[PDB]
Structure formats: structure tokens, C-alpha cells
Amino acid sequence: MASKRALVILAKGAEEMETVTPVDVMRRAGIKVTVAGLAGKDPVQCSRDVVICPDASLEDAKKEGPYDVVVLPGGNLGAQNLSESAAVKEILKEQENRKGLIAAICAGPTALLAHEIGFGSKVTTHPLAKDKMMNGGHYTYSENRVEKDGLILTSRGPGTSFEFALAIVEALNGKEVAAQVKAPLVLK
């Protein structure tokens, strides 16, 4: 069986912890992860000024799908960039149409609202992003640290990144792989 594949969409102003922790944990799980730069191949200046070099442009990575999961990091400005992108809209609608997992953390879920993805689901967000996500009442809000309603998997903040990433691993590779990846991490 072929390894599962993840697309992580990296925009200027993304929360770097919410990019790096899921990428790292998914690679620990033996998932083939592509960090794709929204704007192109060039390095991306994250919210706290960490600069990450993407594996590929989104323009190129989006031709190499499909992916088992599409991951949207948070950060207020990163999520706003994801929300404004027609390319992101197309990728998310294709993923939803093929019944593939979509995972978003912190402010990231607000890009689901912008692109009309997953309406009628239970979702969580960062507390400060709740009102934006809930505009129109298209989702039902949850305060769970990770929330999964079918193929929409959401989480709250930097401090839920491990839980979020391990939930992706469990969904793709099963509970046993998630448990094995978790143990060396020294999680509380």
C-alpha cells in the first residue's frame, strides 16, 4: 500500500508553530507531506518572523494531487491570505467533492467559511476567531480542543497542535500508529 499524502498550504503570516508541528508529526507517521507556498516557491515569512522554505509552489503541488489530507495552518493573516485565494478555493472544493479529509487549526477554519466548505459541521477555532467563523450560523461551534465531524477536522491554537496533528495521523494511519508516534514526544 502506498503512503498517505498531505498538502500543507503555507501563506505569509501563517502561525509557524501550527505549520511546523503538524508537518513534523505527520512525517513521523510516515505521511508524505508537501509544504506548498501559496505565493510561489519563495521563502515564507510567518507571523512571528520564522522564515520557512516551502517544498513546492502551490501552483505545482496542486497538479500532483490528490492528497489524503489538505491542512490549513492558522495565524490571523495567514488564514486571511488562504481565504482570499481562488486556488485554495478550488483545492478545498475538490477535496470535499472526493470525500477527502480537510484539517484546519486556530484561525485556519475561517478559510473554510470563505470557501463555503463543510457547512453544517461542528467546528472549533481559536476563541478569538469564533465570531468570524460563526458569521451566518453555517457551522455549529465546539469548545473541544480537537473537533472532527466527518471529513472536517478542526482545532484551537498553538497549544492544540500536537493533538490536531495526532488526530490527522489517527484518521489516515489508524490509532495504533498515532499512539506509537505520540510516545517519544513527551506529551503531557
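Residues carry their position along the shown sequence, with the first being 1.
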Between 6-14 and 169-177 (mean CA B-factor, as deposited), the higher: 169-177
Given the B-factors recorded for C-alpha atoms, which segment has the greater mean, 24-32 or 59-67? 59-67
Based on the entry's values, in what third of the chain does the Cα temperature factor of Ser85 lie: lowest, middle or highest? highest
Against its chain's modelled residues, does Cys53's Cα B factor rank lowest, middle or highest third? middle
Among the modelled residues of its chain, does the C-alpha B-factor of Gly75 lie in the lowest, middle or highest third? middle
Is the Cα B-factor recorded for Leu38 in the lowest, middle or highest third of its chain? highest
In terms of its chain's C-alpha B-factors, the third that includes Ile102 is the middle
